[PDB]
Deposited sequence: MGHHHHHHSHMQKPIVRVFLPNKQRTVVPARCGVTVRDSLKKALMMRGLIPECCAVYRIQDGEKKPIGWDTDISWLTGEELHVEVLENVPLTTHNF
């Protein structure tokens, strides 16, 4: 809304959160706490918008005000 710009975020395991769509704040930093609370970290997850479209973790979240993001855990395959 005009007063309170937010982004709705759907999380693993049927969970969800709302974060403020603050200018200059990455998606990564916007969601760090919500992820931590659930034992997740951005580096082990992918984020996407709707309208199944992947977005970078370093995106400025204010560009996505009004949108829904989805966070999925990355496939469990060993790193090099």
(Q) Going by C-alpha coordinates, which parts of the deposited sequence are missing from this model? (A) 1 to 9, 61 to 63, 93 to 96
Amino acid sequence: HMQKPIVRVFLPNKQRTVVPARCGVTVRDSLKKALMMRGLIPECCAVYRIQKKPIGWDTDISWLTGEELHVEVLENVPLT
From here on, numbers count along this sequence of modelled residues.
Q) Averaging C-alpha B-factors over each stretch, which comes out higher, 70 to 78 or 1 to 9? A) 1 to 9
Q: With reference to the PDB entry, specify whether the mean Cα temperature factor is higher for 35 to 43 or for 22 to 30.
A: 35 to 43
